[PDB]
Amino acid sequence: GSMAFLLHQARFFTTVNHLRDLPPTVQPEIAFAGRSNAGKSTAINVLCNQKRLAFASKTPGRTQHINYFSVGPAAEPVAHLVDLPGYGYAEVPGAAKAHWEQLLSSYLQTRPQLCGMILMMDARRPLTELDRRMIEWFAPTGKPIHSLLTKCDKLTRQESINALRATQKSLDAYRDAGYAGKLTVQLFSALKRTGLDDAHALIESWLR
């Protein structure tokens, strides 16, 4: 059936933390990217209508990981969801900074199966410097980025509109510079389940 149904069949597949160890999967995958692991995990559970899929209550340790999730039946998946690690708001100095820079840029630019990126940004504070870097890393691919302005229930109606238009304007600058891939945006609220049908429809458009 629907993209909703397929999403709801989701299950955890594997974790991954080096470029060479990405699963050799046939199917297309979507990447979820963002400063917040909290918001990512919460977005994945709501899109799949599950309580306990995306590691929502797991306490960050010393290391980070990509996580893969079958879409459709786990025995016979029709896609994967790739939760890329939250870069937060400042970058952690140390040998793992380089590692993750190389990994993510090479993944974004050359992972054959990757058909697009969902970029999760707090509506109150869109488009940080690290958000911008994920955009620029994806540039050469000509692949799309859909931006979710998250926690949109915390803004007034006017403020949310203002945020849509501000992000739109920032995204156009990229197109005007020559950015090949399609840049879109919507409001999104995990808590109030806002923007969910639009989020499903976009995903369906990419995967099928």
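One rule holds for the numbers: they count along the sequence shown, beginning at 1.
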Please compare 171-179 with 142-150 and say which has the higher mean C-alpha temperature factor in the record. 171-179
Between the two ranges 7-15 and 190-198, the one averaging a larger CA B factor in the entry: 190-198
Out of 31, 43, 66, 155, highest CA B-factor residue: 155
In the PDB entry, which of 112, 88, 77, 94 has its C-alpha at the highest B-factor? 94
What third of its chain, lowest, middle or highest, does the C-alpha temperature factor of residue 101 fall into? lowest
Quick tally, chain-level thirds of C-alpha B-factors: residue 83 sits in the lowest
Chain-wide C-alpha B factor ranking for residue 48, given as lowest, middle or highest third: middle
